[PDB]
Structure formats: C-alpha cells, structure tokens
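Engineer:
Residue numbers (PDB author numbering): 310 to 370.
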C-alpha cells in the first residue's frame, strides 16, 4: 500500500486520517473521480482512520 512521509493531520474536522512522520497507510482512491494527475488520495490507516491524504505526504510501495 502506502507509507507516511510527513506527520499528516485531518485536513478537515469532518473526515480525514492522521499521520505521524514515519507512520503507514493503505491507499485506495486516486485522483478520486476521473483519475487524472494530482496529489490527493484516500487512505485507511490501521483500518482505524479512513479519510484522504495529499500524495505529496505519503510513500508508494
């Protein structure tokens, strides 16, 4: 899946995941709708945190 680059934080206090520099996360979505180019994906951390996360903040296995 993916890894955590920098300490991430809920972009919005409604739906997002949290990351602590070095953490890890599983990415599913891409651009999300169409699937073009940009850094913004959806993730699942330890199956406990489900939300989004800029691609420039996570590592691709």
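Where a beta carbon is used, it is the ideal one built from N, C-alpha and C, also for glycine.
Pull the bridge partners of residue 282 from the DSSP assignment, please.
Structural biologist: The displayed coordinates of the chain run from 310 to 370. Any statement about residue 282 would go beyond what the structure contains.
Engineer: Mind checking which residues open and close the beta strand (DSSP E) that includes residue 361?
Structural biologist: The continuous beta strand (DSSP E) containing residue 361 extends over residues 358-362.
Engineer: Rounded to whole angstroms, how far is the Cβ of residue 334 from the Cβ of residue 370, which I believe are closer than 8 Å?
Structural biologist: Going by Cβ atoms, the distance from residue 334 to residue 370 rounds to 11 Å, so no, they are not a contact pair.
Engineer: Going by beta carbon distance, what residues of the same chain come within less than 6 Å of residue 359, once the five residues before and after it are set aside?
Structural biologist: 353
Engineer: Can you name the start and end residues of the beta strand (DSSP E) that residue 350 belongs to?
Structural biologist: 350-354
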